[PDB]
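Chemist: Provide a 3D model corresponding to the input given below.
(12 chains)
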Number of protein chains: 12
Amino acid sequence: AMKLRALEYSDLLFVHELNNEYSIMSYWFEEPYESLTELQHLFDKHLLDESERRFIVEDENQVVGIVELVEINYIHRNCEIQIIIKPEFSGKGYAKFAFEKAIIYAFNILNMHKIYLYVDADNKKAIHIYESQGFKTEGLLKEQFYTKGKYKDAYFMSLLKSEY
Amino acid sequence: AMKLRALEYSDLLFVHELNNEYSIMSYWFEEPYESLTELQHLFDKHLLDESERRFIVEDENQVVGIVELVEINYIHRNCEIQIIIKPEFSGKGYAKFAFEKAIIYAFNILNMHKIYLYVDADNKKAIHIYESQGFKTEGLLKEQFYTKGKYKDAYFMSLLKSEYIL
Amino acid sequence: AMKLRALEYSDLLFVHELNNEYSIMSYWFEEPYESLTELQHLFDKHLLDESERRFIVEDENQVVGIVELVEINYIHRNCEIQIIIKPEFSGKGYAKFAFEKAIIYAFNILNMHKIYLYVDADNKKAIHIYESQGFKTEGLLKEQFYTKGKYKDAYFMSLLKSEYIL
Amino acid sequence: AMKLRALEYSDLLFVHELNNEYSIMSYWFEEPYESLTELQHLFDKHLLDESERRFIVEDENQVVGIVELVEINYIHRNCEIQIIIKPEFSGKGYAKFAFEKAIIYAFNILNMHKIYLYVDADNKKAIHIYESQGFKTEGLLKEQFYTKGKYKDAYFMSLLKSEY
Amino acid sequence: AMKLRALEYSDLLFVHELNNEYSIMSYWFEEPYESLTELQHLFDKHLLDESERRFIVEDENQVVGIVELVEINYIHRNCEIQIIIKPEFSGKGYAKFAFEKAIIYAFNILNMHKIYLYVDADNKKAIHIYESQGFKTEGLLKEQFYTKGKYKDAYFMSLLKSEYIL
Amino acid sequence: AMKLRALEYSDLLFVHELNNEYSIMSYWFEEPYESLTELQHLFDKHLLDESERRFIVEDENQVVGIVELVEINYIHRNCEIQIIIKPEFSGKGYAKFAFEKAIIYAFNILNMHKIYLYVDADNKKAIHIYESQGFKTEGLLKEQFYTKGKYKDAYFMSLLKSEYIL
Amino acid sequence: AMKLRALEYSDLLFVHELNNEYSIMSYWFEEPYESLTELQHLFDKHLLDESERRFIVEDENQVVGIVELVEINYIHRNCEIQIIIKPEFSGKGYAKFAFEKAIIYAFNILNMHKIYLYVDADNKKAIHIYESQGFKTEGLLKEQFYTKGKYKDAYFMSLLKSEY
Amino acid sequence: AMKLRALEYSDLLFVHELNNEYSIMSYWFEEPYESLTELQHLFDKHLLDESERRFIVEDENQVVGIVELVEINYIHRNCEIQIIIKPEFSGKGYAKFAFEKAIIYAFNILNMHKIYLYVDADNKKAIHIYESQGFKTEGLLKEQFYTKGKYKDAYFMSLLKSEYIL
Amino acid sequence: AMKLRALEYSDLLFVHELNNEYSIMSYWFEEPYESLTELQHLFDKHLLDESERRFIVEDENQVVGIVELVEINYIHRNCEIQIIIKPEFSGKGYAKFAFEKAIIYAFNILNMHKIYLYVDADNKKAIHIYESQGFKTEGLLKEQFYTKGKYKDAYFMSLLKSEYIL
Amino acid sequence: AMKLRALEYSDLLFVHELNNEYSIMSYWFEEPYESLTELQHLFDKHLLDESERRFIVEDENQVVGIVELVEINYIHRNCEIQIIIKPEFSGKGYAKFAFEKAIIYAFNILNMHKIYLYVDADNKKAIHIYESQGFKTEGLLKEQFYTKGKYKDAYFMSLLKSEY
Amino acid sequence: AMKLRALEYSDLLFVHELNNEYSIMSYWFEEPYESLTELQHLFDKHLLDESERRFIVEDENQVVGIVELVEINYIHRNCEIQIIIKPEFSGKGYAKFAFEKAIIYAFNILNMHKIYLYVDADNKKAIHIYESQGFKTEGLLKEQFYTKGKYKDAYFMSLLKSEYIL
Amino acid sequence: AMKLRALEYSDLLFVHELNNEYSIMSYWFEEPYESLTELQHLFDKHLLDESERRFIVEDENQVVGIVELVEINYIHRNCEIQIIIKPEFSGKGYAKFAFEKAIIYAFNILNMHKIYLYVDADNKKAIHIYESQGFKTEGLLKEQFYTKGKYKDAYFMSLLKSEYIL
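Modeler: Numbering: from 1, shown residues only, chains lettered A, B, ... in the order given. This is the structure:
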């Protein structure tokens, strides 16, 4: 049994660890540096931010990951989606479930018209996970991000509600 | 023995659980997403908001639900009513008790002239529970809400004090 | 042994209970709805309010009630008096003692020239308890309040210092 | 032609003068002392106070008086009414018009159930003005106010909507 | 030539005049009382309120009215519409132009799915002006408002984008 | 024609001058140093201070002086009175009129039971001006103040309301 | 062994009790009403108030009373003195010691030129305690205070440093 | 002679006009609604925002347009570029000059590694103006925006510094 | 005719001119750098600072200098004195008048017991002006200050009230 | 006649223009972008900043330039010096005078022990102006700044008080 | 083994004890009165005050005293020094160690040019302890302080870095 | 196993110790004085400061040191690097690992173009530890700092990314 539940202050500890792991943040072009105090101040800052919906992917025993619908625009009705499953719990398909539930939330609850995401071109794993759900590559932004000491190309992929 | 009491800060932990259940919030067109900190900040924000009266529905042993009189207008003397009995305690008549007690509170204490509510046209259970108390359908707002990925119609039902006590 | 002391923050919980009992509040035309947080914010708000003196009525064992000198005007030298003894401790004469001590505080310490009160015209018990101390009815405000789904009249009663010393 | 219009900051000057006249304030048990700065701070303080409705009685040429519905309670549905016409403009029936318009506002707009007022027992003028409109004496509060160096009795009068 | 533009702080002087006219506010169940300072503080308060879009209706020479899209919900994708053309400029078709431009703004720019409004059941002028644009009566809320000392019913009318552009 | 009115912010400039004249302040044991900005901040500070009533004494043409009812205590019902007529307008009897009107304000409007004042034992002019109105010396505080490089004694004088009406 | 020590937040509990005793406050014309919260807010308010010096009179075992040098004026170099010994500990001369130490503080530390006090004319006890230390009656303010339902005369007494 | 300067508060009025023209905003997928007060508050809000560089495009006589380097990221070293020339001054080549100067600012002063932009797939004029400077289409985001009552696709175009120096 | 009056906000423009003259600030070991805004913020900061009494020295026609009693300690009853007469008005005896008036103010109004000052050991002009009034050298602080790129000694001079008036 | 005077709010207009000129800011590695509002907020922010001393170089008629002693450290007793003369007024030796006066201020008034500065290696003009006053090159920081689309080397030069 | 370390908030309890001892504060002309809350607020106030360096003097087992470098001026490069060793730990040479360590801190870390102090002319113990380290009497300020009900003279002593290390 | 992590508030205590050791700070020209409260306020102050990246150097068991990338400039793309390994854990090579990991962070994550540092010319150990990683001396700032009662020269050393990848 797996579920998605709103992010809570009490969970920031977990979110702290993830945000300070190099391997995880790198694949998503993030910086693996964030004090718990800064994370808590950011949680408080965006407490009423209706452009974001940060969730927690939880299995039958503990929290396993995070999934975020960010840049939620209510005029164009689209939003970016980000998924991060801790490598400790990779091996059990949590990413696909979290992705499906996040898509269902964005379309059926937030009434979004389109979802999009940026994925490292070399991250064929996540690329295939996304393609399985109906996401189609719409762009190839070359040298759009800098990580591991090099500029990396990123696929801009997306999915329309009409296609879902 | 059942009662309604004022919603307390200490009760938010329960309300939180209800505000994140998809099945519960859906029937009320709400969004099943709210951090405990957000709920607390909102409680603090509306602490002195006289347009709201959020009661907790409690039974002989523990809390069971929440009934709220919101959008209380004191010029037109009307307010919206919302009921949410946790499914764990469903089928015990708590909904009817809480709804009737809230009607009495609105008419006899708040001196309201009219009460109204929006109910999904498919929730015949709630429509019947409301009709039993005297609420009559006054409108059908088609595609008025959006839930479960579809636009849902809503009966605007209401009850007048004159119809409730003559 | 009975006494009156100043209302303390730590006492608010007791007050909270009283402020949510419909039976206690209705006779005083108040609304039986108040979260503990709202009561605490109100206590902090009026902490320096010199127009109010809220005393706790305590018996030999525990707190039994509340008395209040509100709307204290220092130019006209008068103030409204309110008393509430929890029904659990009713029938033991606490209300008369609290009324006497509050009158003494108003006249001898606050240097008030007059005390007044509103009492439901049907509440003959409180009316006689007040008349015993010399409070005389000076007005009949018809339909002055709304409670229990009906408009209620109220006696405006009062006692001058010149009548208290005579 | 006479009218009632919401009180404005720009009118406080007038309200200042009235509030510092002994003869006027005395009949209404008020204190004839108020700096313009204090009056402006009080106007700002009660800007969003929904328990009050302060108006201005204006004739065909200038402002003549003030009329206030205060202590507006929306549970018991009643409020106190106060009227003050500057003596310069006494002689033309402005008080009766202002009173009638204030009653109409309280009953037909604020949906009030009862209106009440305190009037000095010796103020037979205002007493008769009020009795003409249907107000009935409900109480005689003796020595309820102190002015001109003596305690004065005050009639508590009122009018129900059913009677109006 | 007629246009709708964003409401500006400098325009409040006009809005003030409209917010204190009994005849205008009555048909919209509003209260004809608002100090210029209150209106300014409210404008400042809702400056960043994305649930509102308050347009001023202007003609070839001067301002004539105000049309507002309020209660903009971005989940259910619906909003309420309100029109007020000053009587001085009535009978010139400004109301129809402003209403149609506001409908277009809501459907084509705000990406709204439905528009609705409350109209007094006696204001057949406004009911007809709204029916001409495609609005259909979806409800009759009896005694829903209180104005001119009487409880007034209100037609809940609405228009769907699907019905407006297919 | 002479009058007393409430102290206004616009009057502070006048006050400023008086508050920087050594001759005027020394007799009242004050310090002749006060920037206009400090006086304005003090006026704003005590704007809502109900313990003080600062009146301007105005003649037929211009402002001539200041009178003050300070340390107004509403439990003991007394207050200190202070008067200062600019030497430019001295000798015309303004001080006696201001004293009489201030006493009348304290007794008849503020409902004071007693008025008191401090006056330099050498200032026989002010002493006689006070004794004319019924103020009687109740104390001689020796070396109570320090001015002009010397410790100065002061008469504590006062007048009861019972003596003022008799 | 007796001592005087600066008033501390931790001692306000004691100061609370004293301030709510009718018999004690009455003799000093104070009002026997004060919540602990108000007392703490007042302590915080006057934390940096250099016009006051509030002490605590402590014996060999516990706190017994309070003594305050208030209205400290540094131009005229004088201040009012107030002493309150809890009746429980009356019987042991704590008031005389506290008074002497407060006088020594005012004169030798604060460099005051004169000390004064108000004492109820009927309080012959405190009057004699003060006269023993050299205080001389300088005034009789009749009906200066109101307590126990009556106006009471108060002796204004004082002591110069030159006389001490 | 044409130039680019920093956006000043005094310029906001001009911006205001541009930000309320439907024709100008629709092509950039913006909403043509913004009170002057909101624009001023936004200018003050982002005054210290180092992620944005908003320049005014000025000609020999007056201000003609705006250019903007927004979403400036200093880790990945890229930023979005936006340009708007008022239609009154269109056809004179101002847009190309502004684009060139903004690219030069981004690459030579901000040390950016890449610039990118969104442009409506139908706006062939802007597309060619961008392609002239070396911006190459890297993506086609279908139904990425909503304007004029229709979902619109957008080319994601961009230019690297290595292509600009080569 | 010469006088000393309280320093006013409006006077800062003059003080500014003096606070940026190297020759003036040097003899007083101050730094000849201070923006008008800094001077204004400092005036506002010390507005209620009772440890300072900053007088402006004025003549028959215009302002000429500034004399200040700073570091006013009310336990030890001593304060430092500083004089600055603008060179334009030098050689007219303004310094002696201002210094003597300040001494009188300190001893006779502030009730100070001792006055002191630091003076450069080379400024024999100031040393003599101070000795003429009774100030006696009590210390020689070598290399106590740093000005004109060199460490300068300073005479600590002082005057007792007992020595000034016996 | 030339002088240096403290920077004033009223002068920020001038400072605005200079700060938005590309040629000037480039030689000093600054960014030629600054709104007048931002400049005023920065002036207010550093109003009490004792680590800075910003002056204005003024000739017989108008303001000509700016000179700043920044990063004033009072432990190590050193500070950076920056000079900017508007090109309109280049041709009259204002830079040398401003530099000399700033050095005199830093050493003789601020009691500094050492002054230092960064100058573009290609800016032989300013380099020689500085060398004339006794400044000696202590370092060559290669690619220390980025301007005009290229990394530029900067001479770190300085002057001790003992050498001055 | 002895050391000096920065004063910590947790250390205030000790400092409090020293700030209320008459014998200790007297020799330093301080007032033996300070609530723990006042001391804490002052510590918080001067938390970022670079003019002060308050060290605690600790021994092998526990805290023993406090040594402070105050009035640190960074233009003239001088500061005042104050030592207070609790009498319980007197006669063990802690004063000399702390004073010498503070001198070293001022000259070698803070880069001060001169150190000075005020000492009661009767405290020959402290005068000798200071002379042993090189401090030389530079002034005699008579009646400069007031303690134990008498005006006390004070030696202004000081030490130059040039005299300490040549 | 050794690692670098982000500096946490809970780590400040460790930092506090290091920041009060004269031996550790002197080599980095810092002052060995800092209360824990000041360090906490500084951590909170720079919490959102993107110009700094303060890492803790941790070994297999406990925290051993600190490394810092400060003065991070994103236009010129450079930053200063600082390292401090507590002497207790010196000699185990932690400093070289921390330096390498910090350089990697600056170049590969922050995208820095150059790193630089100041090191005491006598600290040959740190100089060689830096030269091993490719840092080359670019300047000799003589008498650039003041510590241990003497002015000290410092090597300005640095490493480009082009040299790090080559």
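Chemist: Name the residue of chain A with the shortest distance to chain L.
Modeler: In chain A, no residue comes nearer to chain L than residue A:149, which is 3.3 Å away by CB to the nearest CB. For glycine as for every other residue, the C-beta is placed from the backbone atoms N, C-alpha and C.
Chemist: and that residue, how many neighbours?
Modeler: By other CB atoms under 10 Å in any protein chain shown, the residues close to residue A:149 number 13.
Chemist: Nearest residue to the middle of chain A?
Modeler: For chain A, the residue nearest the mean C-alpha position is residue A:82 (1.4 Å; CA atoms, centre = their mean).
Chemist: So what sits opposite it in the bridge?
Modeler: residue A:68 (DSSP bridges).
Chemist: That one contacts residue A:27, doesn't it?
Modeler: No - the criterion here is CB atoms under 8 Å, and residue A:82 misses it with residue A:27 at 10.8 Å.
Chemist: circling back to that earlier point, quick check: the residue nearest to the centre of chain A vs chain K, distance?
Modeler: Separation of residue A:82 from chain K (CB to the nearest CB, to the nearest Å) stands at 40 Å.
Chemist: What of residue A:142?
Modeler: In terms of CB to the nearest CB, residue A:142 sits 48 Å off from chain K.
Chemist: which residue packs closest to that residue, ignoring adjacent ones?
Modeler: residue A:153 (4.6 Å; CB to CB, 6 or more residues apart in numbering or on different chains).
Chemist: check contacts around residue A:17.
Modeler: Contacts for residue A:17 (CB atoms under 8 Å, 6 or more residues apart in numbering or on different chains) come out as residue A:86.
Chemist: Now do the helices in chain A.
Modeler: Using DSSP state H, the helices of chain A run over residues A:12-19, A:22-27, A:36-45, A:94-104, A:124-132.
Chemist: just so I know, which of those lies nearest residue A:2?
Modeler: helix A:94-104 (4.9 Å; CB to CB).
Chemist: what about that closest one, near chain E?
Modeler: No - Helix A:94-104 lies out of reach of chain E by CB under 8 Å from any CB of the partner chain, never closer than 15.0 Å.
Chemist: and chain A, which of its residues are near chain L?
Modeler: Residues of chain A lying near chain L (CB under 8 Å from any CB): A:20, A:31-38, A:41, A:146-150.
Chemist: Buried ones from the residues you listed, can you make that a PyMOL selection?
Modeler: In PyMOL, this line selects whichever of the residues of chain A next to chain L come out buried by 16 or more other CB atoms under 10 Å in any protein chain shown:
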select buried, chain A and resi 20+31+32+33+34+35+36+37+38+146+147
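Chemist: any idea which of the residues of chain A next to chain L is closest to chain J?
Modeler: residue A:146 (16.3 Å).
Chemist: what does stretch A:109-116 rub up against?
Modeler: A:53, A:69, A:72, A:76-81, A:103, A:106-107, A:135, A:138, A:156-161, B:31-33, B:146-147, B:149, E:74-77, H:141, H:143-144, H:146, H:151.
Chemist: Next, count neighbours for residue A:80.
Modeler: Count around residue A:80 with other CB under 10 Å applied: 17.
Chemist: what sits against it?
Modeler: Counting by CB under 8 Å, 6+ apart, residue A:80 makes contact with A:69, A:70, A:71, A:115, A:116, A:117, A:118.
Chemist: what's the neighbour count on the fourth one?
Modeler: In this case it means residue A:115. Using other CB under 10 Å: residue A:115 sits among 25 other residues.
Chemist: Residues in a beta bridge with it, which ones?
Modeler: In beta-bridge terms (that is, DSSP bridges), residue A:115 pairs with residue A:79, residue A:159.
Chemist: burial of whichever residue of chain A sits closest to chain E, as a residue count?
Modeler: Of all residues in chain A, residue A:74 sits closest to chain E, at 3.7 Å by CB to the nearest CB. Applying other CB under 10 Å, we find 20 residues neighbouring residue A:74.
Chemist: residues contacting it?
Modeler: Neighbouring residues of residue A:74 by CB under 8 Å, 6+ apart: residue E:74.
Chemist: which phi and psi does it have?
Modeler: When read as degrees, to the nearest 10, the backbone of residue A:74 gives phi -100, psi 0.
Chemist: Can you give me the neighbour number for the closest residue to residue A:40 other than its chain neighbours?
Modeler: Once flanking residues are discounted, residue A:40 sits nearest to residue A:12: 5.9 Å by CB to CB, 6+ apart. Using other CB under 10 Å, residue A:12 is surrounded by 16 other residues.
Chemist: thought residue A:12 was touching residue A:37?
Modeler: No - with contact defined as CB under 8 Å, residue A:12 and residue A:37 do not form a contacting pair (10.1 Å).
Chemist: For chain H, what's its nearest residue on chain A.
Modeler: Among all residues of chain A, residue A:139 sits closest to chain H, at 2.1 Å; criterion: CB to the nearest CB.
Chemist: Just list whatever residues bridge to that residue.
Modeler: Beta-bridge pairing for residue A:139 (DSSP bridges): residue A:156, residue H:139.
Chemist: And for it, the neighbour number?
Modeler: Close neighbours of residue A:139, defined as other CB under 10 Å, add up to 22.
Chemist: and what of residue A:48?
Modeler: Count around residue A:48 with other CB under 10 Å applied: 11.
Chemist: ok so, going back, quick check: the gap between the residue nearest to residue A:40 and chain B.
Modeler: Distance from residue A:12 to chain B, by CB to the nearest CB: 11 Å.
Chemist: Of the residues of chain A next to chain L, which is the nearest to chain B?
Modeler: With CB to the nearest CB as the yardstick, the closest approach to chain B among the residues of chain A next to chain L comes from residue A:41, at 12.7 Å.
Chemist: which residues are contacting stretch A:141-155?
Modeler: For stretch A:141-155, the surrounding residues in contact (CB under 8 Å, 6+ apart) are A:26, A:29, A:118-122, A:127, A:137, A:139-140, A:156, H:75-78, H:113-114, H:116, H:138-139, H:156, H:158, H:160, L:104, L:107-109, L:111, L:165.
Chemist: Now with 7 Å, please.
Modeler: Identification of contacts with stretch A:141-155 by CB atoms under 7 Å, 6 or more residues apart in numbering or on different chains yields A:26, A:29, A:118-122, A:127, A:137, A:140, A:156, H:75-78, H:113-114, H:138-139, H:156, H:158, H:160, L:107-108, L:111.
Chemist: got it, and stretch A:31-41?
Modeler: A:9, A:12, A:15-16, A:19-22, A:25, H:75, L:6-9, L:47-48, L:53, L:109.
Chemist: Look at that stretch and report the distance between its end residues.
Modeler: 17 Å (CA to CA, to the nearest Å).
Chemist: how far out from the middle of the chain is that stretch?
Modeler: Mean C-alpha position of stretch A:31-41 versus that of the full chain (CA atoms, centre = their mean, to the nearest Å) differs by 17 Å.
Chemist: And stretch A:38-52, by the same measure?
Modeler: Centroid separation for stretch A:38-52 versus its chain: 16 Å, with CA atoms, centre = their mean.
Chemist: Now do the end-to-end distance for that stretch.
Modeler: 18 Å.
Chemist: CA atoms only for stretch A:137-144 - export them in CSV, please.
Modeler: In CSV, the C-alpha atoms belonging to stretch A:137-144 read as follows (Å, rounded to 0.1, in the frame of the first residue of the first chain):
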residue,chain,number,x,y,z
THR,A,137,9.3,14.9,-25.6
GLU,A,138,8.5,18.5,-26.7
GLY,A,139,12.0,20.0,-26.5
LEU,A,140,15.7,19.4,-26.1
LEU,A,141,17.2,22.3,-24.2
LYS,A,142,21.0,21.9,-24.6
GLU,A,143,23.3,23.0,-21.8
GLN,A,144,20.2,24.2,-19.9
